[PDB]
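Take a look at the structure set out below.
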Ligand code: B12
Ligand SMILES: C[C@H]1O[C@@H](n2cnc3c(N)ncnc32)[C@H](O)[C@@H]1O
Ligand SMILES: C[C@H]1O[C@@H](n2cnc3c(N)ncnc32)[C@H](O)[C@@H]1O
Ligand SMILES: C[C@H]1O[C@@H](n2cnc3c(N)ncnc32)[C@H](O)[C@@H]1O
């Protein structure tokens, strides 16, 4: 009897007549990649394929799930959205996900700290789980660390149906010297928790190119710990302010 | 040139070459999103007919981004052999299609003819090809390159070992490498998409790859797919150089989005010649894929197949060891489902082989596209019959840090044994000495990474 | 046997073997229409796992229709080799899948193991196979039969010449025959679906086919795909007998809908032996295809894959020269789109080869299905790599009287030249002597029906 | 590094690397003329031993002309792969010799190792090789290039058809072409040394060559061995471009004597890519030969072998289709007799192959040298066994306007039939279709230029 979502299923070694079976377990705990499941001729073994399919069915589900509005309120976050009205349209209209709606532009001018040094934006992007799971761990150390021995911190807010280039528009509206976007990545097969940070210095919709952003990817318990991440983000914003540059424009 | 035709008694009129190129495409979500797609099957067919009746000169003289505005247009236009162009300039695209597919057209005939093309012409041919046309046409245009392995010889099939980790953990990377080699994967390259884009970490990942290469005397090359400038810097500081990689896009503005100047690719070639551990003459690696220019706001109203062909025209200038489309890497907004991803993979491979580059394909999809692993298995077999130069390999195709599914190490062994194809001959020799392969087949003790211990 | 499993902590409970078989299928419109499909991707995976854990005996002893009620069930069950059954009866379906795929399992290992199977067990294995499993597994299970040509030898690829006409006009039929032959099509059979089902018209059509066969001494066989009764009477009355055809269904009720008794197929065999112009030992021809039983209201709550596999268990008793599924012949209500049509084709071929029958595929679609000709070209190449014994051929694939699109004569020549496959060896010799083929390739003068005049 | 050794108890002291290189040479008139030769057999052997004990670095860092003073030195030095250099920099020239000759050194081992070399190091290895070392070492270092024919494949042997005339009379040129083709000569190039160096005459001669090429669709390429500038202008003005030729010398001063700048050769490459009728990637053609630099007063006290090796270091930068030494083209003042001409030919070929260039040899002599036609026949067979890429061909070897004797058309047919070698595969197919060759051998009707009429 076996649950394909169980940890026992994930650790299963399927190599038959191995050369050194102890090495196999050593290799198995070295990585989250699906190593050491063996083979049937050149095809995957039955259990390996079943666990793949199981994980896919779960992965697909994470794509359409939305963070409830009540979650964002219980975090004290202002919510605006892009021009996107729903999750299905979100998947097909990246051009609209990169643009704030007309009400979002006004809500930001009305309720957000003007001309901050560092402006923090949160968005579901392609993965709700990457926010709901990591949020409490990364966001307070980040907001606190920017204050401590710090500077003018903008009002953090949540953007529904957001794409990365929408941070250029937020920067222009707010006069932010540095804009920090925490966003969910497209979900992987085995987990949907991976969050990344895209940060840019003094963006301008007209001229900023994508290489002008610095990316910090794979923030989650299996990648860079969310607490640990906030600290590298703080330092990065310090350097962007020092250097007046972001992405490929920073020294080193 | 005609920009109209009558179909079932109705006139189908088009505004310019760029629109005919766009509406001729098989339907895909990206062309709809770009606003350039045909309104209906009828208008698509009418566009194909108008396109089939245009000449090579019609399309060569109408690049989708003007020469004086785009260094990629200039690079493509300036590399034309004008003697080969003059011989074909009055051929209709319909005649060029039939010439490529003819069994009376030899590999050497195409070698000269393709030098008279520009990427827009290459795209034009692909647009009026059925799926079997794209497969058969590509199969009769082999492209062979050599680094420390030879890739592209008809009857062979290579694979990139792609051992990625969420933290660039060198133990996770090694673990995937041993597993991949044990299935015969890695004759194209052992190439890592790094998480941290910094010199010391690239060296660590390169040192890890080359520790395995050096320990078992493997004929192959390593690569870390960071930005090309950080690769150059790491190699100049002593990291082991194998292939030097860069993502490319089909317009100057798209290259700026990536932070790439053409001078950097010139620099990568010179750095490879001064530093890189490569026996053969080819050491660059590019990756491409439909939708990148549209994503960058850099398609200038052209469709994604024409833009992707311009990638191959850019690549050809630098004579790389390998190029591959990353066919469904991005999402449903550019290629929605199975049908569209297969069609684009066949197109991409066909255009890359017609442009004379060493064309492989990362057969892949994402979890927000309407696709599943059976699609990867469908496409990898079709492209293999097309003579695709290599695919990727990961454990069961699950990438734990790029969050998409590619092909398994299993899939390369399956393709090779299904179709009686061999690895690169130098790598096959190595697999034989390791006891992993005999007569193109995995031995009983293969597929077991602990064999290396 | 368990009918339950826990998946991500949730219990999925299944009612009987029949429900498990059904829900384990990849999604297809027919199963939804039949009300037998998984409710979720999760439930579909739970069904596969439950199914993978059942034993050969569990499924052998739970046929979807009871022995006492169904002569097809009895025929399937009575034909089992009980010694081969007893060796594998306690294997899980998971273990049987891995056995079929293993490179240490030889063709002769499977030759004996398959005699211990029943059709429901064959279906079970297919349900837990990915697309590449279905292709690789089928490839390593060749089935070779012989009429006047030999079909199924690995490295060969045959084709039915399908010269149909809306009036059975013998001139239109003859013209399509010369065109087909000129592309190397016809080593499987020259087989005509007649408009009129009468002895005089069948004889007229048969006389037409054999007039061409006899004039150029073609090693092949003709057939008119009328009801088996009118074929038998035409041949008894002196029409030339080649292959004897019948459409089959996987249940007694389904056979009745078609007006077929098993006694007619015993008669076909006896009539073939007395009259038919066949050098080898195989002379029967059957066609199958998913959804047939459900269309007759004769699936008894079983899914269309299990009902299709029971066709092959029936077919195997009569050891036919050829069987093919007509994969998308009916419409979108049973298989909706490319995805489902490719999947069904791979399933049908694999299950046919696992059952030991000479399995081919009519790669086709209808105009009311979400399919196009690029789909047929995808599937025919996939199935060729699986060692599909034959496909159909019509001029460009357009059937002018059955109102559907199959594969073109071009497609067989494409497949053969792409994959370095040859025709049936007897027919290849005739094409060589006709000047149509040299070294597996069409000569310059091939493709021209006027070459026969 | 030592510049001294004791031989039979006597101390031989040498002044610099340059003197060691020179005195280690086998005796030849040019070195005596240059005042650089060993005074005794004993001193010559002491020089070889001193030389054998120096390291790669010792010689890499002491080029016979300084980087700051000579653009050929800079080109040679700037092209080194420093990673490959660093691996071998501490090998002795003795150890490098044994490495090249070893059967455990593969073609791909040498492919990388040679990128760490400079020309002076290449020369050093040759100086401590016996004649059979030079033949065996060169044989195991094949260099393959492709224009419209492929040259250099082991088991093949190509030939330049040299149809020269004292008035550039197109009828005399054409007659020699038909004769050459009739013996299977011309797969390297149909190349004419013109009497007059003017655009109209070059175009006339080129039109003549390409008239024959185009009439019989010959897979080959033409060339007129004028100064590279007039070739470039003729082609820019519309003359058919095949190979672009230039005579080279191993020093900046030597290039000036010839009126060549390196920028012209970069221009030749660019003009070739825009205009020339070449299917493959290689289109340049260079000629070299011992004594050239000393004749220009541009050897700077270096010996003629080291100066010849620097030609190949220059040639390699431009990756030509073919290079050949013109081994005894000049006269007895540089190479006196058979002994010296054979030795020089073996040296030149070996150094060329070690440098990675497509190396052939004009086996020739002058009438004021102590040589005869039996010498050319000795050397061409020796060099064929070394895998020499090509030789020349003239009717019986008599050049009526260059006033020297090369190899006959007969000699290429002799070499091929003696050693079971074939022509360039593309050209061999054309000779087969012309009825001139069957199984590598001249048919009965070959050798007869009237066969083309
Ligand atoms: C999809 C993707 C791409 C796509 C983006 C196109 C698109 N429309 O989605 C393509 C194929 C173009 C791409 C290109 C590159 N990518 Co990328 N990419 C990813 C991936 C797999 C997912 C990103 C995601 O889900 N974003 C979330 C969604 C909601 O955002 P979006 O608005 O739809 O998409 C935007 C971002 O994806 C952004 N983006 C994508 N990649 C990169 C890389 C950098 C440096 C930046 C600043 C932005 C960026 O571009 C999109 C358009 O604005 C990540 C890995 C991961 N697990 O996150 C790598 C990743 C972000 N890419 C990476 C790299 C290195 C690159 C390249 C620089 C490669 C190269 N050698 O040139 C290029 C160029 C980037 C640029 N300056 O434009 C690295 C970043 C490393 C780092 N810390 O700097 C990552 C982490 C993967 C990796 N380790 O290789 N990439
Ligand atoms: C993001 C990573 O995936 C590769 N990649 C994926 N899709 C594309 C595309 N359409 N164009 C270029 N590169 C791509 C990049 O080159 C980088 O390595
Ligand atoms: C109707 C014609 O097509 C064949 N045919 C097409 N589809 C199927 C199917 N699903 N089952 C059985 N026979 C079929 C019939 O046997 C007859 O030849
Ligand atoms: C004079 C003609 O012969 C060739 N040629 C003959 N001998 C030599 C040599 N030693 N060096 C260079 N070129 C030579 C020239 O390049 C020209 O073709």
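Sequence positions for chain A are given in Swiss-Prot numbering; the residues included correspond to 44-295, in order.
This deposition comes from X-ray crystallography, 2.0 Å.
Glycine residues also receive a Cβ, built from the backbone N, Cα and C atoms like all the rest.
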Candidate from A:176, A:196, A:202, A:207 that Swiss-Prot assigns to the same adenosylcob(III)alamin site as A:228, A:258: A:207
Among A:207, A:258 [binding-site residues], residue with fewest other Cβ within 10 Å: A:258
Site extent for adenosylcob(III)alamin, whole Å (max Cα pair distance, A:207, A:228, A:258): 12
Spatial neighbours, same chain, of residue A:228 (adenosylcob(III)alamin binding site) - Cβ under 8 Å, 6+ residues apart: A:168, A:169, A:170, A:173, A:237, A:238, A:239, A:260, A:261
Residue A:258 (adenosylcob(III)alamin binding site): secondary structure state under DSSP, collapsed to three categories: strand
Of A:207, A:228, A:258, chain D-adjacent binding-site residues (C-beta under 8 angstroms): none
Cβ-based neighbourhood (8 Å from the centroid) of the adenosylcob(III)alamin site, residues A:207, A:228, A:258 excluded: A:168, A:224, A:226, A:239, A:240, A:241, A:260
Where residue A:207 (adenosylcob(III)alamin binding site) sits in the secondary structure, as DSSP reduces it to three classes: coil
Residue A:228 (adenosylcob(III)alamin binding site) in three-state DSSP notation: coil
